[PDB]
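Spelled out from the first residue to the last, the chains are:
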Amino acid sequence: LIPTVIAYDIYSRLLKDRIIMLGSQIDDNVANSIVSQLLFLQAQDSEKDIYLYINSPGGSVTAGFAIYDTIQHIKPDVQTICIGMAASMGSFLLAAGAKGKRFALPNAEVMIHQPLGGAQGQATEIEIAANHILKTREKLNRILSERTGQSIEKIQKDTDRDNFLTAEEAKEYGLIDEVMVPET
Amino acid sequence: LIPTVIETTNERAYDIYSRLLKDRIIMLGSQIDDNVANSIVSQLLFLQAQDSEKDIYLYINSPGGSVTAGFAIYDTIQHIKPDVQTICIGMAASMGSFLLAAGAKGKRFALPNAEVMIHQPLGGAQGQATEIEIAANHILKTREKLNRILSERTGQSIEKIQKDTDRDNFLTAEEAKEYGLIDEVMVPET
Amino acid sequence: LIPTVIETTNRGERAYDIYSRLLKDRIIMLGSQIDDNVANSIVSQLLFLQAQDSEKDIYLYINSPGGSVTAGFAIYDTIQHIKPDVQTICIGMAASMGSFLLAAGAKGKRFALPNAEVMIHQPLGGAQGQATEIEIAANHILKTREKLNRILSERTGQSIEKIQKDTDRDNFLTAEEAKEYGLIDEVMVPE
Amino acid sequence: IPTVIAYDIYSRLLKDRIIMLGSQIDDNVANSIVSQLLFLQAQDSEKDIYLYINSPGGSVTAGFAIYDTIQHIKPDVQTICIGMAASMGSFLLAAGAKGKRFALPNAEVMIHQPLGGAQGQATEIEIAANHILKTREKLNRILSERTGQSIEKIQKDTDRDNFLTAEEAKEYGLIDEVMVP
Amino acid sequence: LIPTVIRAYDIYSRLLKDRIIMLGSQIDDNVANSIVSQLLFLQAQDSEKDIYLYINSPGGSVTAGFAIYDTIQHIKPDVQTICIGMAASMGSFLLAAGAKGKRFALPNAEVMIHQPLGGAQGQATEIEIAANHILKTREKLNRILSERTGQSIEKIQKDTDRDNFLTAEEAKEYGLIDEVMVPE
Amino acid sequence: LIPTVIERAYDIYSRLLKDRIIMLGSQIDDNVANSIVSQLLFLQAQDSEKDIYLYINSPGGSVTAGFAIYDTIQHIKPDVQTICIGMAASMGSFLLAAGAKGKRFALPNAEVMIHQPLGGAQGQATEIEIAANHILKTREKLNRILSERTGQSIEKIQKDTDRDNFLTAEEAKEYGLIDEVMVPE
Amino acid sequence: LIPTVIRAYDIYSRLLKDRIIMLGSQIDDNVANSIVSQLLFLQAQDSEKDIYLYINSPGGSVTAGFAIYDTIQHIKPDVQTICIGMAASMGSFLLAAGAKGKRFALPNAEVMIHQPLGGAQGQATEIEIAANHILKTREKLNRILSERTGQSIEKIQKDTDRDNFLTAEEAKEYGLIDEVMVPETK
Amino acid sequence: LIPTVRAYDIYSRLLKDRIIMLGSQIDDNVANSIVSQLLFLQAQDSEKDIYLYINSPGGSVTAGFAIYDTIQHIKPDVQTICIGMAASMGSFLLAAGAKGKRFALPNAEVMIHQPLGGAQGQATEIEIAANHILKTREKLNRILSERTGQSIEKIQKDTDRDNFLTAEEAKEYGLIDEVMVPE
Amino acid sequence: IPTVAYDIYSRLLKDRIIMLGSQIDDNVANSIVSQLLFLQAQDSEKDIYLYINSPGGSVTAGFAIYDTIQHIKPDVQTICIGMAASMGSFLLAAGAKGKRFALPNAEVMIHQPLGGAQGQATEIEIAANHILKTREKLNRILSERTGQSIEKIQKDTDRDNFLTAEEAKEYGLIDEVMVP
Ligand SMILES: CC[C@H](C)[C@H]1C(=O)N(Cc2ccc(OC)c3ccccc23)C[C@@H]2N(C(=O)NCCCC(F)(F)F)CCC(=O)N12
Ligand SMILES: CC[C@H](C)[C@H]1C(=O)N(Cc2ccc(OC)c3ccccc23)C[C@@H]2N(C(=O)NCCCC(F)(F)F)CCC(=O)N12
Ligand SMILES: CC[C@H](C)[C@H]1C(=O)N(Cc2ccc(OC)c3ccccc23)C[C@@H]2N(C(=O)NCCCC(F)(F)F)CCC(=O)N12
Ligand SMILES: CC[C@H](C)[C@H]1C(=O)N(Cc2ccc(OC)c3ccccc23)C[C@@H]2N(C(=O)NCCCC(F)(F)F)CCC(=O)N12
Ligand SMILES: CC[C@H](C)[C@H]1C(=O)N(Cc2ccc(OC)c3ccccc23)C[C@@H]2N(C(=O)NCCCC(F)(F)F)CCC(=O)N12
Ligand SMILES: CC[C@H](C)[C@H]1C(=O)N(Cc2ccc(OC)c3ccccc23)C[C@@H]2N(C(=O)NCCCC(F)(F)F)CCC(=O)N12
Ligand SMILES: CC[C@H](C)[C@H]1C(=O)N(Cc2ccc(OC)c3ccccc23)C[C@@H]2N(C(=O)NCCCC(F)(F)F)CCC(=O)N12
Ligand SMILES: CC[C@H](C)[C@H]1C(=O)N(Cc2ccc(OC)c3ccccc23)C[C@@H]2N(C(=O)NCCCC(F)(F)F)CCC(=O)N12
Ligand SMILES: CC[C@H](C)[C@H]1C(=O)N(Cc2ccc(OC)c3ccccc23)C[C@@H]2N(C(=O)NCCCC(F)(F)F)CCC(=O)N12
């Protein structure tokens, strides 16, 4: 049961202050919702910052790029904050936040790897599927290189296997700008 | 949950997608079945009734689906008076890319990292030889119907469409523009 | 998720789900497989609309693969019973009992959009158990076909003999071929 | 399967040149029958072989393995339908040596068009459709040759399930005699 | 069926009106997203007043737990923790994460601690990556648990090797809570 | 399933909560415990002096979830009356015995059952040992509290809870699980 | 029920006594091992006399097929290939692998040729490896099938893109077999 | 149906001429059988060569090492011949044949990769499983280095992913000695 | 299973070789126990050879094999080929003193016994006491045959402990590593 506040559900109350929740696996439904929220908020105010909360294991690459392109297209800066974890396409979207406004809390987990998929059937069908996922990885690595400041060659090497980063290591890597440390 | 948006009135609450429909935006954000087609067809009929002059905006993030359900949407877009803009965000595959190509001439768009896929229709038949023949003749005629309309809306020949849609053909937004499926790749606002 | 529409009136904002808004302008949706629930709803909508106005036309949207013959005949009989002319429009597809109901619209007011698909075939069914039980089931589905073909003959203008031959297997028709056959009156071309 | 003084019943029948087609026709059944036919040819090229048919048919290719082997070998292969011959089994019943195709009085003979399935792309469905259509043409041409009926008549008579009595099968040309007591 | 109280509040939403958040289930990303959003909502309402985290949980996801942990430490209000029924694993970790001097348990509440659980599959290098990750996760957990209990990291490692059930009184002695809240 | 009553419209159970009646009418899991614990905190905040009425028609369930309800009953100031209607089995009968002194009731044909706690253990011998020591502790914890509230000895409870022990309303009164059999007028 | 013949042989073991091997099922490793072992046994009995490989098979494992293929080529005796019923995929490859001039099909036998089928699942680089493997396997198959049919590699590529069913006579024209085996004289 | 050829089943006849079949996935049942055949054949004759046929996708590493150790323990040379395919522990055993007597037919497929496994439970239990499989890989890679003549660094890198090799490439790599060409 | 007339394992049994090459259940125990009794009846002085390629299994089934090895007069040699784990490693250690072997790459695993218990608290207690006694029984015997203390065996069997053949020899589970 998601609690009510007064009548907003808790997540709708957060959207009132320009906070969007990416708190699940990324499919087309999640992407359609977030994309729509981004369009609504920029229509309300094109100057004020938007805040993208990220607690996600990733998911669909095309659904992820739906969110990515909408972030870049709109005028407002979209801040990103990783709380809990950002894995796979979640960490890609974390790195896609406005330059200087990509954050994570100290114990947040960031993971990067190569895209996952499958193919079955004739040899030429397997080839088409293989060329597709390789082009998709090159596309992902190229953008990640541009937003982190790392070389495409280094991204390729570091995303070959599952690579778990602490929030601080994600800052060192260039996936975020600051680790949001708590007040004593 | 579908997020609720609330705006200060002289406080009115909307579900996000109904609020988008208020500004003439229709969401094609799922696999195309009869239910999705009926909704989109009804929305198109509602918006043209509200205003026959103002543009309609069809958001497309779909893997495609039913060809007949797709043609329900297609024919309704062609029948109504206002221009239907199409924008691919995320992906448009199969019937989804067909509907992307069906948007108003000069108003078919995609964001730079959107994926466009085209291929021949999928189906199945089972039973007697004459039943398989009927099913085969039907899906072949459906492909001719699709390819002929794609040729008209892209400028590509029916022979080239046949060859390019024989297997899965993935296109970038820029390649989709070059192919004639869209008119412009939308680049970021300043 | 059915989208909501918001109309401003002189009393205030009025919210409708999209399909209920269309019902306000006498548009009924047959947009699914025909079962008893779908027939019960459509039959009730027809009775509601004729009570509001017995002269005005009603519009039956048809995007259906067909389904139950008895549920189809619930809709058919209610269309013929009420005073209002029921226009039918095929958008997407009309197959089996869906195409039967497309042909059941008011004379001169049966439509299809250019790329809509119309299919006609003989009814489907099953029988299991004793020889006498299989006989009863076979006689029942055969009389149901004669019933369907007789009414389809009357509404298309085709003979019962020609309808029998043409519905022996799956027979897919274009919107123009459906017009030529007599299943619809006009193809509604775009302006 | 009982033993007889020591042979299993079907191996004893094979000793007297009798082959059992008593099940659905798959590749395993075809491989067995084809091998038995070749074996019986080597034992004696002159003496008749007797193919017992109680079968609902099955695989068309597996059926043609049996068909071609029957027409290839030197000995005449008598066919006898006991119980039923359907589809490919009734095709093989008709494949027996001219004048030596039989059925018992209450045996059931059924003929229909070949059954199959296709799934995937439109061009793949087209290929499967052209395949099964040409397979029917191949079956109907051979059935026309062996029954004496026209290809046009067989096409119409195999459109749906067509059940025949033993006497009707004789009149059709699927068999030569109804074997009385 | 959750009962309602009359504005109409479901019982949990009514408790949120008095700054009480419920952690009453297995910790997954949905529970974390909700609790994190409630913590942000309550500190926005008032940054001085105490928040009260009810804990009846068997634990669950370590990343989802750390989403709640970091959000507790980030916000200005003291987050009190009270164990009613049980707190195990990540739930007992979040119990120890409460404001200093404001971590409670009712007399018959059960507190359990152990090392984190997981799974690994595939190639030898993939298994190595999974093992190094879950070992770093335990070090990360034991470090924080050491600081908040006052026990040595060597002692935490030993006592979390197997399932270790503790009474409310034993949890106070261990440093997981501050007081056993006895009935007046 | 649940009917509405109008006066402000309430579902039947929410209307009962307005008169300080809490329903324990199902298997005791964490969700049921969380709900009841929240209702007890709501009612004591509304009025810390007026009685609360815990309806008990439960087969029991989770011991920790039961102890969530138990500890919340003992902590709050209001008297929590307990009334067994239908049945109170296992942890339900523990909570029936946990009601305010002199205000634990049962209707004449209500069923009260008591037994030892149920559980599981899998894996290594030391893991089984830890699991066995835990549930044995949990039983002592339950038996010690039952002893205090019933007036029966710990060793007597041990023997009487070894197997399933069904009791009538009158036998539950005689045992000390309830105070009165609430007879009809 | 495989019938016995009378020493008591099962029917297939009796056929092996006259140098006939049965490829009458889907090609898996078990079938390949048995056929490879039979081929080694028959060459040891007699290194000159022809072996007969009956083929009624829908194909199967490519590696299992190449176990059979390589053993045929390695041994001294000619392996006649005899298509009865049907030869599809790797079955039709093995049909084409029979001794030159001694590849047969019966008049109504079905021969089908198409590209190899497979699967890939996991990371992008794992999918790439699986794709490169099956593509190289196709080139290997096409190159050999080119050499034995007399058709160009690009013609084989085009004609095996989809399912391609050939009659016995069309298989002879294509070069997959040498003769449509006629009935024996009597 | 295994054909008959006294009357022997085909594989028993091959065993009479000292040919052992490794034609399936390597489990404990297959290893126990092959190990027993090796022990039987060396007892019949310690000097005459044994021939290990390999058409296997591999399987259990321990079951593979059962066969490996028995090959090295016995006096007779165990020839290895890859027909069809040798993958994983199957290709390890192909490389384990007598020096100069490891073969493959021209179109045989050879695959090498790192060992596969699983682990579940506590962090310390996962650690133990990780330490074990890594030791198993080093154990395997060291023997490959010795029998191929390649450096262990090269073996480590080349077995990181699935690495398919032709018969000629297997010869060049050192996994086999000759590609057995047809007469 | 190839033939040589004898099936391969029956031919090995003719030379007093018993195969423990599978998971240990009652059926495997009954077979091996019966082979041990049969081989004693054939010759009470000549050695028996127990091949061990097993992941272990039932402890009572393992103890059926153990007691029968100890009961009979002939020495029972044990050789680990492939792997011996759990009860398989226990039975490996139970072989005749000075005649317990393993090939170089053979794997030896030792760990505490696994079990399960469901129901009432007193039933869980009875199951827990039983498996604990079973561990004491196993550790006491493993102490006698390895030469290690009961405390060290308790420590080293708390978790999965994978040993090489040489490490198993050093531990006392075997006497010699058979070199080629
Ligand atoms: C940059 C937007 C450009 C300017 C353009 C457009 O091309 N679109 C397509 C579009 C649709 C759906 C979308 O994700 C759901 C879009 C996301 C990103 C970009 C375009 C999208 C429709 C858009 N509209 C609006 O935004 N109005 C404001 C009301 C928005 C809201 F949410 F409050 F109702 C209609 C008018 C218009 O011109 N546009
Ligand atoms: C336009 C086509 C012509 C004008 C005609 C018509 O033939 N029809 C059939 C129709 C039904 C359903 C449909 O998709 C659900 C139709 C879609 C496309 C075309 C026809 C469709 C009904 C139509 N109506 C309307 O459009 N009213 C306006 C109110 C619309 C809304 F949505 F707000 F209620 C009723 C009046 C009418 O004459 N028509
Ligand atoms: C022409 C119908 C005739 C006139 C008759 C009748 O025999 N019936 C049966 C009937 C029921 C349900 C039905 O589909 C749900 C019927 C459908 C078709 C015919 C009869 C049906 C009830 C009907 N009523 C009405 O029509 N009220 C008007 C208000 C209707 C609505 F929908 F707005 F509430 C009640 C009064 C009455 O006499 N009738
Ligand atoms: C001159 C006979 C045919 C045409 C010829 C031949 O081409 N083949 C191929 C063949 C194989 C399998 C077959 O169905 C299993 C065949 C079926 C039909 C035709 C050919 C077949 C092998 C055949 N053999 C025999 O017939 N030997 C006799 C022993 C038979 C048996 F069964 F007892 F062992 C070997 C010698 C030989 O020349 N042939
Ligand atoms: C300390 C918050 C910091 C200052 C900052 C921020 O960085 N965020 C990201 C964030 C998002 C989601 C979150 O858990 C759902 C966050 C949790 C913890 C920290 C940041 C989080 C958005 C935040 N906002 C607010 O809090 N406004 C008040 C309204 C809150 C509520 F809930 F009532 F609607 C927007 C303005 C702002 O500056 N911030
Ligand atoms: C009495 C306990 C003490 C006083 C303390 C407290 O420690 N807690 C923790 C607590 C949370 C959840 C609980 O079961 C859901 C608690 C149950 C028992 C004890 C504490 C619990 C919060 C409590 N609050 C209240 O009681 N407000 C009154 C409004 C309650 C309601 F329900 F109407 F909204 C907040 C203020 C406060 O100090 N407390
Ligand atoms: C011809 C190959 C060469 C000659 C060589 C050889 O390299 N091998 C490996 C081999 C094994 C298994 C095989 O398919 C199961 C082989 C298949 C093809 C090639 C080699 C094969 C063993 C072979 N043997 C025999 O052929 N003996 C004759 C007995 C045959 C039979 F079947 F009756 F028992 C042993 C002697 C020998 O030197 N060889
Ligand atoms: C080299 C083995 C050494 C010499 C020794 C030995 O230690 N063992 C253990 C052993 C068992 C099982 C095995 O794989 C099933 C063994 C495999 C490899 C090594 C030992 C094995 C028993 C062996 N025996 C034999 O060799 N018999 C000869 C006949 C065997 C056969 F197969 F023909 F029946 C008994 C005599 C003997 O001393 N040994
Ligand atoms: C040694 C035990 C003593 C000697 C005694 C005995 O008490 N028993 C019980 C027993 C049964 C089964 C067993 O594992 C299947 C036994 C195992 C171990 C001990 C006893 C066992 C039967 C035994 N027998 C034999 O040994 N016969 C010899 C033939 C044996 C074989 F295997 F070849 F057929 C019968 C005669 C006899 O007195 N005994």
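Residues numbered from 1 in each chain as written, not as in the entry; some residues may be left out. Chains lettered and ligands numbered in written order. Part of a larger assembly, values for the part shown. Heavy atoms only, no water. Residues with missing side-chain atoms left out of burial classes, pairs and counts.

What the entry reports as its method is X-ray crystallography, with 1.98 Å given for the resolution.

Tell me about the overall build of chain H, residues and numbers included.
Within chain H one finds 7 helices and 8 strands. Taken over C-alpha atoms, the radius of gyration comes to 17 Å for chain H, in line with the 16 Å a tight globule of 183 residues would show. Referenced to the eigenvectors of the C-alpha coordinate spread, the extents of chain H come out at roughly 60 × 35 × 35 Å. (Helix = DSSP H or I, 4+ residues; strand = E, 2+ residues; numbered from the N terminus. Rg over C-alpha atoms; globule rule 2.2 N^0.38 Å.)

Any details on the site of ligand 1? Residues and values, ideally.
The environment of ligand 1 is formed by 16 residues, the closest being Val35(A), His73(A), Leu20(B), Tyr57(B) and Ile89(B). Positioned at a junction of chains, ligand 1 has nearby residues supplied by chains A and B. Expressed as a share of its isolated accessible area of 750 Å², the protein-covered part of ligand 1 is 82%. Secondary structure elements with two or more residues in the shell around ligand 1: α2 (28-44) of chain A together with α1 (16-22), β3 (25-28), β4 (56-62) and β5 (84-93) of chain B. With 5 residues, the top contributor of residues to the shell around ligand 1 is α2(A). For the shell around ligand 1, the residue count by class is 11 nonpolar, 2 polar and 3 charged. (Near = heavy atom within 4 Å. Areas by Shrake-Rupley, 256 points an atom, 1.4 Å probe, with all protein chains shown as cover. Nonpolar A, V, L, I, M, F, W, Y, C, P; charged D, E, K, R; others polar.)

Residues and numbers for the site of ligand 9, please.
Residue and element names in this part refer to chain I. Around ligand 9, the neighbouring residues are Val-33, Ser-34, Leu-37, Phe-38, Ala-41 and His-71. When isolated, ligand 9 has an accessible area of 730 Å², and the protein chains bury 37% of it. Split into classes, the residues belonging to the shell around ligand 9 amount to 4 nonpolar, 2 polar and no charged.

Provide a residue-level description of unusual backbone geometry, including the pertinent values.
Positive phi values are uncommon outside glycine, yet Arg26(C) reaches one of about 60°. Along the chain, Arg26(C) falls in the loop between α1 (18-24) and β3 (27-30). Although it is not a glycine, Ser89(E) sits at a positive phi angle of roughly 55°. On the secondary structure map, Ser89(E) appears in the loop between β5 (79-88) and α4 (90-96).

Outline the interface of chain B and chain A, listing residues and values.
Each partner contributes to the interface: chain B provides 32 residues, whereas chain A provides 32 residues. Together, the buried faces of chain B and chain A total about 2,700 Å²; carbon and sulfur atoms form 56% of this surface. On the chain B side of the contact with chain A, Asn113(B), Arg167(B) and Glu189(B) bury the most area, a combined 23% of that side's loss. If you look at where chain B meets chain A, you find 1 salt bridge. Note that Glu125(A) and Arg167(B) form a salt bridge whose closest N and O atoms lie 3.3 Å from each other. Put simply, chain B and chain A have 12 residue pairs in polar contact between them. Where the side of chain B that touches chain A is concerned, the elements lending two or more residues are β1 (4-7), α1, β3, β4, β5 and β9 (169-172) of chain B. (Contact = heavy atoms within 4.5 Å. Buried area = accessible area lost by both parts, 1.4 Å probe. Salt bridge = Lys/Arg side-chain N within 4 Å of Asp/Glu carboxyl O. Polar contact = N/O pair within 3.5 Å; in protein donor to acceptor, adjacent residues only side chain to side chain.)

Can you break down the interface of chain B and chain C residue by residue, with the values?
Interface size is often expressed as the accessible area that is lost when the parts come together. Counting from both sides, the interface comprises 31 residues of chain B and, opposite them, 30 residues of chain C. For the side of chain B that touches chain C, the secondary-structure elements that each account for two or more residues are β2 (12-15), α1, α2 (34-50), α3 (67-79) and α5 (129-154) of chain B. The greatest single-element share of the side of chain B that touches chain C, amounting to 11 residues, is contributed by α2(B). Taken together, the residues that form the side of chain B that touches chain C break down as 12 nonpolar, 14 polar and 5 charged.

Describe the UniProt feature "active site" in chain H, naming the residues involved and giving the relevant values.
Residues and elements named next belong to chain H. Mapped onto the present numbering, the UniProt feature "active site" falls on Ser-88 and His-113. Judged by maximum C-alpha separation, these annotated positions cover 26 residues in sequence but sit close together in space, the widest gap being only 6.0 Å. Along the chain, the position of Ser-88 falls in the loop between β3 (78-87) and α4 (89-95). For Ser-88, the contacting residues outside a window of four places in its chain are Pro-57, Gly-58, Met-111 and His-113. Along the chain, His-113 falls in the loop between β5 (109-112) and β6 (116-122). On the basis of relative accessible area, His-113 is assigned to the buried category, the value being 19%. The contacts of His-113, once residues within four sequence positions are left out, are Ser-88, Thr-159, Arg-161 and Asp-162. There is a polar contact of 2.6 Å between the side chain of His-113 and the side chain of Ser-88. (UniProt positions renumbered as here; feature names shortened; annotations may be inferred. Buried < 20%, exposed > 50% of the residue type's maximum accessible area, 1.4 Å probe, protein only.)

Go over helix α3 (residues 69-81) of chain C with me, naming the residues and quoting the values.
All names here are of chain C. Between its first and last C-alpha atoms α3 spans 18 Å; for 13 residues at 1.5 Å apiece the expected length is 18 Å, and the two agree. Among the residues of α3, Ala-71, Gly-72, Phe-73, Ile-75, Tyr-76, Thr-78 and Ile-79 are the ones counted as buried. Residues of α3 that are buried make contact with α2 (36-52), β4 (58-64), β5 (86-95), α4 (97-103) and α5 (131-156). (Expected span 1.5 Å × (residues − 1).)

Give me the packing of aromatic side chains: which residues, what numbers.
The relative placement of two aromatic rings is captured by the distance of their centres and the angle of their planes. A complete count under the given rule lists 27 aromatic pairs over all chains for this structure. With a centroid separation of 5.9 Å and an interplanar angle of 80°, the aromatic rings of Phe71(B) and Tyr74(B) are classed as edge-to-face. Pair noted here: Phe71(B) and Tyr74(B) are both in helix α3, with a separation of 3 residues, about one helical turn. Classification of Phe71(B) as buried rests on a relative accessible area of 1%. For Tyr74(B), a relative accessible area of 5% puts it in the buried group. Ring centres of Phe64(D) and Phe91(D) lie 5.3 Å apart, and the angle between their planes is 70°; on these two criteria the pair is classed as edge-to-face. Taken as a pair, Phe64(D) in helix α3 (residues 60-72) and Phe91(D) in helix α4 (residues 88-94) lie far apart in primary sequence, 27 residues in all. Assessed through its relative accessible area of 1%, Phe64(D) is described here as buried. By the ring-pair criterion, three or more aromatic residues cluster together here, those being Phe65(A), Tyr68(A) and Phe92(A). For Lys138(D), the ring lying beneath its charged end belongs to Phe64(D), and the centroid distance is 4.3 Å. When the ring centre of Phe66(E) is taken as origin, the NZ or CZ atom of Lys140(E), which lies over that ring, is 4.3 Å away. (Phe/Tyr/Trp six-rings, centres within 6.5 Å; stacked < 30°, edge-to-face > 60°. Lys NZ or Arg CZ within 6 Å of the ring centre and 35° of its normal.)

Provide a residue-level description of the arrangement of the chains, including the pertinent values.
Looking at chain C next to chain F, you find no contact at all, with the nearest C-alpha pair sitting 22 Å apart. Looking at chain E next to chain G, you find no contact at all, with the nearest C-alpha pair sitting 11 Å apart.

Talk me through the UniProt feature "active site" in chain E; I want residue IDs and the actual numbers.
Residues and elements named next belong to chain E. UniProt's entry tags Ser-89 and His-114 with the feature "active site", counted in the numbering of this structure. Other than its neighbours up to four places away in sequence, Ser-89 contacts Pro-58, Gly-59, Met-112 and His-114. By the element assignment, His-114 lies in the loop between β7 (110-113) and β8 (117-123). Discounting residues that sit within four places of it in the chain, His-114 has contacts with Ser-89, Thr-160, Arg-162 and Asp-163. A polar atom in the side chain of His-114 sits 2.7 Å from the side chain of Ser-89.

Kindly report on the pattern of salt bridges, identifying the contributing residues and their values.
Taken as a whole and assessed by the stated rule, the structure comprises 73 salt bridges over all chains. We note a salt bridge from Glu186(C) to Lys179(C), for which the minimum N-O separation is 3.0 Å. Salt-bridge contacts for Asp76(D) lead to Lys100(D); the nearest nitrogen and oxygen are separated by 2.9 Å. In this pair, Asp76(D) is assigned in the loop between α3 and β5 (77-86) and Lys100(D) in the loop between α4 and β6 (101-103), connecting sequence segments 24 residues apart. Look at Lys100(D) and you get partly exposed, because its relative accessible area is 23%. Look at the salt bridges and you will find they share partners, linking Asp161(E), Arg162(E), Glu127(F), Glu125(H), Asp158(I) and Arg159(I) into a network.

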